[PDB]
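**Q** model this:
(chains A, B, C, D, E, F, G, H, I and J, ligands or ions: 107)
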Amino acid sequence: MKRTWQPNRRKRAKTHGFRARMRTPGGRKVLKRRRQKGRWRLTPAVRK
Amino acid sequence: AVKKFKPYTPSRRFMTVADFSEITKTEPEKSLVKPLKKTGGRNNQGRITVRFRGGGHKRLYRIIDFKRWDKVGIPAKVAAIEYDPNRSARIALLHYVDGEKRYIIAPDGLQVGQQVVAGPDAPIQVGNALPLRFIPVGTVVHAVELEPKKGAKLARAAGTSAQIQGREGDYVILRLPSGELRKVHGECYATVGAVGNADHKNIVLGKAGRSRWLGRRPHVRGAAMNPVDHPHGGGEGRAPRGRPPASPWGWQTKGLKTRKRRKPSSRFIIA
RNA sequence: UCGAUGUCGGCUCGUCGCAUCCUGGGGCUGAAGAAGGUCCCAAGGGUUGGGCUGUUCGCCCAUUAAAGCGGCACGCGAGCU
RNA sequence: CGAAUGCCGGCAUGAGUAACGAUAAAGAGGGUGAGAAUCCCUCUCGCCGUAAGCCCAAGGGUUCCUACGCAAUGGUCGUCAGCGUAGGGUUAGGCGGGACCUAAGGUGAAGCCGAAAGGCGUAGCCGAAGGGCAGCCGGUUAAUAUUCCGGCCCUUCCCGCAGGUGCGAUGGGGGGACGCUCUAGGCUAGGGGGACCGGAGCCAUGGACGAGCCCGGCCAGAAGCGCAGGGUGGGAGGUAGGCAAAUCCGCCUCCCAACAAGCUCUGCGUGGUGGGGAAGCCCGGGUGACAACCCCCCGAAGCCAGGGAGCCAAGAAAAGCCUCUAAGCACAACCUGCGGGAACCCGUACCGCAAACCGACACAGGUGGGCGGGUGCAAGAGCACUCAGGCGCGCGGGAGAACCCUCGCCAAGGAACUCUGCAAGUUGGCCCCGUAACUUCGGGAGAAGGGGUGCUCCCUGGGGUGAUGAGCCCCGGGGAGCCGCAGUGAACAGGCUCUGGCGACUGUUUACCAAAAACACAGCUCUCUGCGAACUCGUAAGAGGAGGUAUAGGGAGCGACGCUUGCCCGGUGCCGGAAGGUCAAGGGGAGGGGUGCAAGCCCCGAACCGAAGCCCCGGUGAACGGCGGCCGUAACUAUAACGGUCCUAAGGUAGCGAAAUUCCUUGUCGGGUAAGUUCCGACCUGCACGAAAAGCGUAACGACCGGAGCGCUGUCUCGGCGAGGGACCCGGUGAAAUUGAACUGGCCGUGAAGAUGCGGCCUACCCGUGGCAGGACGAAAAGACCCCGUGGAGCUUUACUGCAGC
RNA sequence: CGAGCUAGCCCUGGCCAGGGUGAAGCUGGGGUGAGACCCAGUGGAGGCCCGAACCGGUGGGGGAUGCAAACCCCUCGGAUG
RNA sequence: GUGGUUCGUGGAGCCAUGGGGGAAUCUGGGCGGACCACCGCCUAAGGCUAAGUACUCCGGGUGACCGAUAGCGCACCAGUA
RNA sequence: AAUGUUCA
RNA sequence: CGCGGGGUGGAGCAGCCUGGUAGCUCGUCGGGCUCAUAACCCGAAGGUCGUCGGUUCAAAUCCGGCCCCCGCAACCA
RNA sequence: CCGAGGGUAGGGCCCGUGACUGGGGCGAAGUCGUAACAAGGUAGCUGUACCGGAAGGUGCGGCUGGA
RNA sequence: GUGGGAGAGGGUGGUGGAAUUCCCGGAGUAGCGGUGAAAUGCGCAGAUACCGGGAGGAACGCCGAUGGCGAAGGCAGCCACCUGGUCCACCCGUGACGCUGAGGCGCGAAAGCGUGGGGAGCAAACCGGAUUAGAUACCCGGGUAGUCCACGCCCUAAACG
Ligand SMILES: NC[C@@H]1O[C@H](O[C@H]2[C@@H](O)[C@H](O[C@@H]3[C@@H](O)[C@H](N)C[C@H](N)[C@H]3O[C@H]3O[C@H](CO)[C@@H](O)[C@H](O)[C@H]3N)O[C@@H]2CO)[C@H](N)[C@@H](O)[C@@H]1O
Ligand SMILES: [Mg+2]
Ligand SMILES: [Mg+2]
Ligand SMILES: [Mg+2]
Ligand SMILES: [Mg+2]
Ligand SMILES: [Mg+2]
Ligand SMILES: [Mg+2]
Ligand SMILES: [Mg+2]
Ligand SMILES: [Mg+2]
Ligand SMILES: [Mg+2]
Ligand SMILES: [Mg+2]
Ligand SMILES: [Mg+2]
Ligand SMILES: [Mg+2]
Ligand SMILES: [Mg+2]
Ligand SMILES: [Mg+2]
Ligand SMILES: [Mg+2]
Ligand SMILES: [Mg+2]
Ligand SMILES: [Mg+2]
Ligand SMILES: [Mg+2]
Ligand SMILES: [Mg+2]
Ligand SMILES: [Mg+2]
Ligand SMILES: [Mg+2]
Ligand SMILES: [Mg+2]
Ligand SMILES: [Mg+2]
Ligand SMILES: [Mg+2]
Ligand SMILES: [Mg+2]
Ligand SMILES: [Mg+2]
Ligand SMILES: [Mg+2]
Ligand SMILES: [Mg+2]
Ligand SMILES: [Mg+2]
Ligand SMILES: [Mg+2]
Ligand SMILES: [Mg+2]
Ligand SMILES: [Mg+2]
Ligand SMILES: [Mg+2]
Ligand SMILES: [Mg+2]
Ligand SMILES: [Mg+2]
Ligand SMILES: [Mg+2]
Ligand SMILES: [Mg+2]
Ligand SMILES: [Mg+2]
Ligand SMILES: [Mg+2]
Ligand SMILES: [Mg+2]
Ligand SMILES: [Mg+2]
Ligand SMILES: [Mg+2]
Ligand SMILES: [Mg+2]
Ligand SMILES: [Mg+2]
Ligand SMILES: [Mg+2]
Ligand SMILES: [Mg+2]
Ligand SMILES: [Mg+2]
Ligand SMILES: [Mg+2]
Ligand SMILES: [Mg+2]
Ligand SMILES: [Mg+2]
Ligand SMILES: [Mg+2]
Ligand SMILES: [Mg+2]
Ligand SMILES: [Mg+2]
Ligand SMILES: [Mg+2]
Ligand SMILES: [Mg+2]
Ligand SMILES: [Mg+2]
Ligand SMILES: [Mg+2]
Ligand SMILES: [Mg+2]
Ligand SMILES: [Mg+2]
Ligand SMILES: [Mg+2]
Ligand SMILES: [Mg+2]
Ligand SMILES: [Mg+2]
Ligand SMILES: [Mg+2]
Ligand SMILES: [Mg+2]
Ligand SMILES: [Mg+2]
Ligand SMILES: [Mg+2]
Ligand SMILES: [Mg+2]
Ligand SMILES: [Mg+2]
Ligand SMILES: [Mg+2]
Ligand SMILES: [Mg+2]
Ligand SMILES: [Mg+2]
Ligand SMILES: [Mg+2]
Ligand SMILES: [Mg+2]
Ligand SMILES: [Mg+2]
Ligand SMILES: [Mg+2]
Ligand SMILES: [Mg+2]
Ligand SMILES: [Mg+2]
Ligand SMILES: [Mg+2]
Ligand SMILES: [Mg+2]
Ligand SMILES: [Mg+2]
Ligand SMILES: [Mg+2]
Ligand SMILES: [Mg+2]
Ligand SMILES: [Mg+2]
Ligand SMILES: [Mg+2]
Ligand SMILES: [Mg+2]
Ligand SMILES: [Mg+2]
Ligand SMILES: [Mg+2]
Ligand SMILES: [Mg+2]
Ligand SMILES: [Mg+2]
Ligand SMILES: [Mg+2]
Ligand SMILES: [Mg+2]
Ligand SMILES: [Mg+2]
Ligand SMILES: [Mg+2]
Ligand SMILES: [Mg+2]
Ligand SMILES: [Mg+2]
Ligand SMILES: [Mg+2]
Ligand SMILES: [Mg+2]
Ligand SMILES: [Mg+2]
Ligand SMILES: [Mg+2]
Ligand SMILES: [Mg+2]
Ligand SMILES: [Mg+2]
Ligand SMILES: [Mg+2]
Ligand SMILES: [Mg+2]
Ligand SMILES: [Mg+2]
Ligand SMILES: [Mg+2]
Ligand SMILES: [Mg+2]
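**A** Numbers count the residues shown, from 1 in each chain, chains lettered A, B, ... in the order given. Ligands and ions are numbered 1, 2, ... in the order given. Find the structure here:
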């Protein structure tokens, strides 16, 4: 039956995007924490 | 009159609708910078702040003239009497001799063809606006202004009206639709006559939907909810409030006066 | 027995106890006969179909030689409902 | 370290067991190869066919094509593959996006607010399956194509040039521009026939050389040309409006003219011409060919489109586009021609109802748009069969036990089954007869109960298209006649009625145990709210309410409609009371105290004046709410209209009543039944109905709950036979919970009170397989209930204490 | 950190085979002093009816280390709101 | 009103503040724990100022520190799969 | 300021 | 079995709590008005205060053992 | 073909009966009050509306068969 | 037909003042009110009484009659408009056209009912205070529907001469 994950490229970008993460101070902290832990992908890698 | 229907389907053996003859001679709006895209929306900045609104037929907004001292003395012919989705009252499309067209909340009696004008000089007859000071004590008027130059705000609902009770200083005493006795400045305009389309208070919605077409979604009762949702909610198997009747926010809802006490607005009221 | 022993009734499958409801013997009788009553020995085998109720239990209807009582975790839910 | 349902890892047990994932289905012959049920080819066979076939979006990212390969992945096999290695492969001025437009919303110069972070927010900017915009028919590749190529037809810009005109905005106006339901006339797509046109061929098996059988009879196409439509009055003067800048709009005024004309703009044929071109037969290609390429009929949901009619709930924006003038500039400049030139960026493979997307899986689940042929059935996208095209579901082979699942049938009976007709049967389409109470006059109605239904031949009426007439289709009407058990001969396809309860009705709900008498609902009443409304969100700014104004908006309860909705303001709440009582700061300082030699400086501090609140006074019930007891009494008895007395704020009215409410209770009568703890009707000592937490009713409605009947049945007496899929056997692959170790029997005792394991006695060769579930206090979950813990949460209030708010 | 599930609302698109019933209007006839009103005919209304797609999830059975952490078969409700 | 301090209203000063009233410039003005009086300390309502002090991403040196279930989560292509 | 047993 | 409420002239209710007094209404009795009855006027009688014990000097009254009475609660499974 | 009848199914009229229920007629001296007839001691009557053990009472209007 | 007359005949719109009640202002003080007598109730929160301003609803004094009008129910301030009947006179017109009226249709006080309005006084029900043996009544103090309008119903009567 109709499952939880229904992939939408634009939605993903607009939601968890780099720019998106940048606007909100909360997001800027995310980018901070991740960059500082060593993640290879700061943001959900998705190509268009 | 109101149109009634045979009982072919229930909910429609009780249903009734307006006599649209009054309108006629025009269904299409006077586009000419008369209607505007009108934004729907039962909430403000996210949260719903008025319950149960939403849905309801698409609607175009007709911009009407609620301050007529713009064209003092410039007379106009009454082009038509159209339908307005945004109100109980019907509007009248009136061409000015000027060439400029405007809309006015159609008073009762007004007819396509008649002439009309606003001003002090203006003759005391249906459709004409003038400062209350220049209106004969006793005459019925609608679309009254509250403070001068601030525009009309009283007696605009279908078939509503205010009557002049007499002057007294720079003010004139009006008995408002509600029935309250307020002193209103003499400079406040007001067009003569009643609001018109008084059969309105009589149309019987009929079915559960239709109340929907009017953008009103279902209103659920307090007791029906749970202790958390409302003060009335709770109690095993049907109960009687159990608290003095109250709103979901908790204030008493039967008889408790609410208007602000120290409001300067008083001093000019009496009813 | 609570780091769990599924609780009523029914259905299905029974088995046992016997303080015996039938059917076998028997002594009294206020036993003439045909009947019955009460006690004695004896379960080998029997111990119906419906109406009402979730009922067990009952109370009815129509029968019967009789339509017995009770134990088996008020037998039986890794058998069903 | 031996235990912590300990942690990590390894390996066991169950066990060669369950299972190998839709019961659409397979067989054989050839190949290939080390090896093939499983790969390739062929021939049979079966399944799908509004698809199980095509095309597009999303998401997926190479899976696409070719050559090699088989460890692992494909639940078996594998030579095969969506798998491994390698190499190819995606071409655009016109398709879709961007160098266009705006929606909700987002952002956000100004501007407002906020301890900071940050919140609103104007212009502007961003934002699209919506608006706007120029590409058709074929042909090619292993793999791309509206992209390359062919033919035909367009779009922008730039230059030169000839010929035109007051040219010219981010400004003005027009326009773009809009609903739902119902529809006319033409068309087109699509489809069906043809005695006509073209064709290789075929006469089988009893017959047929046949007006036979079989195959196929189109696509695109500028200008012009027709045929359908859509748009549209022309004039001439004034003008207080278009934040007047206009000869453009808009307003008045007046010659003419109008179910039109002309002018415009589409659609459709037609068109120079280009293109395609079966079946069959011979190896995707050839041949079929210089293939013919015509005529009727049906005909859209599509086109003409901004067509028309009706209705109430009254149906986006902006740009392009016309037009108007502003500065300006008139050498500019726009406009039309005509040739030359210029024409960027991104996507394009493949999957795409699924083995490539979301579900850990090559998962019987989920996933938006378009096409979706033919015959038959009243119609249809339904059902049955079938084209094209695609499949036979990634373990097989036998055996024909119980038992289970899905399915067919049954003597006689026909609900006796059972909590309950649960389930299954019966009925089923269409045409015609013909239908009751009751009702809100619509309905109840498909009431019920019946008859007809196939094919053959004859006569006969209307229509549409033609042309009036033949063909071709569309509706019919009447006679005779034939055959079967049976004619909607298969598939789709109501069982019916009577009487209660609840809610009026359609509708909503606990995604995954409740679809209901619950919620909602039209409608009734109460109450608040005069607009910077009340109310809601927010510290605020600000916003919703509402570009609304009590015929409006918020809160509450009841819940269509009908007839109605009584008494009690004692307490509680709310509304009203400029008096008094009390009351905090603050004002006021009689009076008193600490110090100084003092002037002083400090402290207390009474009268009295001091809000709201509470007190007090009064109102108020569709406001929280409440709405009695005990004695006696009639000329038989019974009973009590009547009387006494106590208490109250007042003592329950109409109506209903052993009820969704009645404990005693299966109350008592009556009805139904052979029998009725249920049901219906009555009664009324109502444990404990009762009037908007509404009372009593009500036609219609209901996958709601109860009681009866008729019909009909394996539900049952009572079980029997048969079918397919498992189970069983062989070959291939091969799990799981659980598990202290086991060499694991019965009885009567015993024991922590329910023993394979102690005692006694009694049976008992060792080991499996197919079955059944009594025990192993079997498994699974550190019992939900229960109690306990000075454990936790959610909820309430006249619990305490705070805070928001007022 | 989340409204790529679910709930509500906002903007913009799409979709709903085929049957049945036959309201209001109109049109003609009848009626009357004029009306009301009554007939036929046309017309095509409705949180109307049947029933696919589509949206559900009523009863039963199957399933329960599943095909599936809610599925399957029969049955059933809506289907211009 | 509050905050700070050991100071939780306490006899509660001092040092800070939101609100109200509101001076003086050395005969000025604050403090020495209510308040007075003496005695004594100090000069508010402007600003700057090394060093001693804190930490360890980084380089080095040591260790009665670990030795691949340890030691950082990573000794290995780990903030990866 | 209620009332007034029956048949004559 | 539990909680606590009521027992008084003939009727229905007081009085108990802060023991010394039984009070009200009704009726029953006699006497009046009437013609007579009712209403009314006048004036009286009437109570082991459910019962059986010890507290007191004294018990309707304080205390306990029953006896009819009246209510309320009886649950979780 | 018709056809007496027979069956099945739904209607219409009438008679009998029915727990129970509503009011009526009738039966020498039961119970409660006293509405009407004399201002019947609240003029009566009446249609209609609510209420009440009962006759009745009151509202609104009409009557004179009252003043 | 012509020419005159009288009338609260009917409908619609407008309007007048007295009066009752309430609101505001002013003044003023211990009672008011009610009855058979009282009480409930109203009033020291400033009532009654009197003055001034205002809202509002209903009804029409004097004229007024023993009167007029209509078919009946019924109809009373004044204005206008719309309109029904009726009488007199002239002797002109038509030329028996007449009368009644089963059924039908129209009207039809009051009460009552629906939808919306309106609400001063009055006032069923209803609550109080008395009066009474009782008093579900007469009396008194309050009070709702109703009375009032518009529209649609109801169609009865001592609709009586
Ligand atoms: N009278 C017959 C009708 O019914 C009622 O009348 C009935 C009663 O009123 C009347 O009862 C009366 C009673 O009123 C009066 N006060 C006392 C009297 N003893 C009774 O009498 C009654 O009962 C007795 C037996 O006891 C019988 O013998 C006698 O016939 C009978 N009428 O008896 C009548 C029965 O017939 C109406 N009031 C009357 O108007 C009506 O016409
Ligand atoms: Mg935001
Ligand atoms: Mg609701
Ligand atoms: Mg919540
Ligand atoms: Mg709460
Ligand atoms: Mg309850
Ligand atoms: Mg236990
Ligand atoms: Mg255990
Ligand atoms: Mg037994
Ligand atoms: Mg024995
Ligand atoms: Mg079980
Ligand atoms: Mg099991
Ligand atoms: Mg274990
Ligand atoms: Mg392990
Ligand atoms: Mg197997
Ligand atoms: Mg097939
Ligand atoms: Mg893509
Ligand atoms: Mg393999
Ligand atoms: Mg590959
Ligand atoms: Mg560029
Ligand atoms: Mg912002
Ligand atoms: Mg853009
Ligand atoms: Mg677009
Ligand atoms: Mg357009
Ligand atoms: Mg074609
Ligand atoms: Mg042959
Ligand atoms: Mg053809
Ligand atoms: Mg062509
Ligand atoms: Mg034309
Ligand atoms: Mg022109
Ligand atoms: Mg002009
Ligand atoms: Mg200008
Ligand atoms: Mg599709
Ligand atoms: Mg997958
Ligand atoms: Mg994948
Ligand atoms: Mg899963
Ligand atoms: Mg799948
Ligand atoms: Mg099908
Ligand atoms: Mg598969
Ligand atoms: Mg398979
Ligand atoms: Mg049978
Ligand atoms: Mg048979
Ligand atoms: Mg039975
Ligand atoms: Mg049985
Ligand atoms: Mg039963
Ligand atoms: Mg069934
Ligand atoms: Mg069918
Ligand atoms: Mg029915
Ligand atoms: Mg319902
Ligand atoms: Mg349901
Ligand atoms: Mg209602
Ligand atoms: Mg309710
Ligand atoms: Mg009260
Ligand atoms: Mg003080
Ligand atoms: Mg002081
Ligand atoms: Mg006060
Ligand atoms: Mg007696
Ligand atoms: Mg007698
Ligand atoms: Mg009663
Ligand atoms: Mg009973
Ligand atoms: Mg009953
Ligand atoms: Mg019985
Ligand atoms: Mg009530
Ligand atoms: Mg109800
Ligand atoms: Mg239902
Ligand atoms: Mg339903
Ligand atoms: Mg039923
Ligand atoms: Mg069977
Ligand atoms: Mg078999
Ligand atoms: Mg095997
Ligand atoms: Mg033992
Ligand atoms: Mg042993
Ligand atoms: Mg075995
Ligand atoms: Mg088993
Ligand atoms: Mg535990
Ligand atoms: Mg404790
Ligand atoms: Mg969403
Ligand atoms: Mg018609
Ligand atoms: Mg429907
Ligand atoms: Mg269905
Ligand atoms: Mg339907
Ligand atoms: Mg300094
Ligand atoms: Mg070491
Ligand atoms: Mg490690
Ligand atoms: Mg090692
Ligand atoms: Mg007598
Ligand atoms: Mg006698
Ligand atoms: Mg009868
Ligand atoms: Mg009398
Ligand atoms: Mg009298
Ligand atoms: Mg009288
Ligand atoms: Mg009365
Ligand atoms: Mg009278
Ligand atoms: Mg009038
Ligand atoms: Mg005053
Ligand atoms: Mg005055
Ligand atoms: Mg008036
Ligand atoms: Mg006249
Ligand atoms: Mg003459
Ligand atoms: Mg009346
Ligand atoms: Mg009324
Ligand atoms: Mg009064
Ligand atoms: Mg009175
Ligand atoms: Mg009423
Ligand atoms: Mg009037
Ligand atoms: Mg009327
Ligand atoms: Mg009348």
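
**Q** who in chain A is up against RNA strand F?
**A** Near RNA strand F, the residues belonging to chain A are A:37, A:38, A:39, A:40, A:41 when assessed by C-beta under 7 Å from any atom of the strand. Placement of C-beta: from N, CA and C, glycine included.

**Q** Cross those against helices and list the overlap.
**A** Among the residues of chain A next to RNA strand F, the members falling in helices (DSSP state H) are residue A:37.

**Q** Now the residue of chain A found nearest RNA strand J: which helix or strand?
**A** Scanning chain A for proximity to RNA strand J using C-beta to the nearest atom of the strand identifies residue A:2 as nearest, at 48.9 Å. Residue A:2 is part of no helix or strand when elements are defined by DSSP states H and E.

**Q** Report the separation between it and residue A:9.
**A** 19 Å (C-beta to C-beta, to the nearest Å).

**Q** Those two: which has the busier surroundings?
**A** Per other C-beta atoms under 10 Å in any protein chain shown, whichever of residue A:2 and residue A:9 has more neighbours is residue A:9, with 10 against 4.

**Q** contacting residues for that one?
**A** Contact partners of residue A:9, counting by C-beta atoms under 8 Å, 6 or more residues apart in numbering or on different chains, are A:46, A:48.

**Q** how near is it to residue B:93?
**A** Following C-beta to C-beta, the distance that separates residue A:9 from residue B:93 is 50 Å.

**Q** Spatially central residue for the chain, please.
**A** Went with chain A since none was named. When C-alpha atoms, centre = their mean is applied to chain A, the residue found nearest the centroid is residue A:16 (2.7 Å).

**Q** think we crossed wires, I meant chain B
**A** The C-alpha lying nearest the average C-alpha coordinate of chain B belongs to residue B:157 (C-alpha atoms, centre = their mean; 2.9 Å).

**Q** close enough to count as contact, that one and residue B:142?
**A** No - here residue B:157 lies out of contact with residue B:142, judged by C-beta atoms under 8 Å, at a distance of 9.3 Å.

**Q** shared neighbours of the two, which are they?
**A** Residues touching both residue B:157 and residue B:142 (C-beta under 8 Å, 6+ apart) are residue B:195.

**Q** ok, and for stretch B:177-185, which residues are buried?
**A** Of all the residues in stretch B:177-185, those buried under the rule 16 or more other C-beta atoms under 10 Å in any protein chain shown are B:177, B:182, B:183, B:184, B:185.

**Q** coming back round to it: tell me the SS of the residue nearest to the centre of chain B?
**A** Recorded secondary structure, residue B:157: coil (DSSP: H, G, I helix; E, B strand; the rest coil).

**Q** got it, and residue B:81?
**A** With three-state DSSP as the basis, the three-state label of residue B:81 is strand.

**Q** Need the phi and psi values for residue B:208.
**A** Backbone geometry at residue B:208, expressed as degrees, to the nearest 10, gives phi -60, psi -40.

**Q** how near is it to RNA strand E?
**A** With distances defined as C-beta to the nearest atom of the strand, to the nearest Å, the gap from residue B:208 to RNA strand E amounts to 3 Å.

**Q** residue contacts, residue B:97?
**A** With contact set as C-beta under 8 Å, 6+ apart, residue B:97 has these partners: B:74, B:75, B:76, B:77.

**Q** Take those residues and keep only those in strands.
**A** B:76, B:77 (DSSP state E).

**Q** can you pick the most crowded of the contacts of residue B:97?
**A** Top of these by neighbour count (other C-beta under 10 Å): residue B:76, with 22 neighbours.

**Q** Contact partners for residue B:81?
**A** Residue B:81 touches B:22-26, B:90-93, B:106, B:110-112, counting by C-beta under 8 Å, 6+ apart.

**Q** element containing residue B:269, please.
**A** Take DSSP H and E as the rule and residue B:269 turns out to sit in neither a helix nor a strand.

**Q** For the spatially closest residue to it that is not a sequence neighbour, grab phi and psi.
**A** With C-beta to C-beta, 6 or more residues apart in numbering or on different chains as the measure, residue B:182 is the residue that lies nearest to residue B:269, at 5.3 Å, once sequence neighbours are left out. Taking degrees, to the nearest 10, you get phi -110, psi 140 for the backbone angles of residue B:182.

**Q** how far away is residue B:182 from residue B:188?
**A** Using C-beta to C-beta, residue B:182 is found at 11 Å from residue B:188.

**Q** tell me the SS of residue 26?
**A** In the absence of a named chain, chain A is used. Here residue A:26 is recorded as helix under three-state DSSP.

**Q** try residue B:183
**A** Note that with three-state DSSP, the state of residue B:183 is strand.
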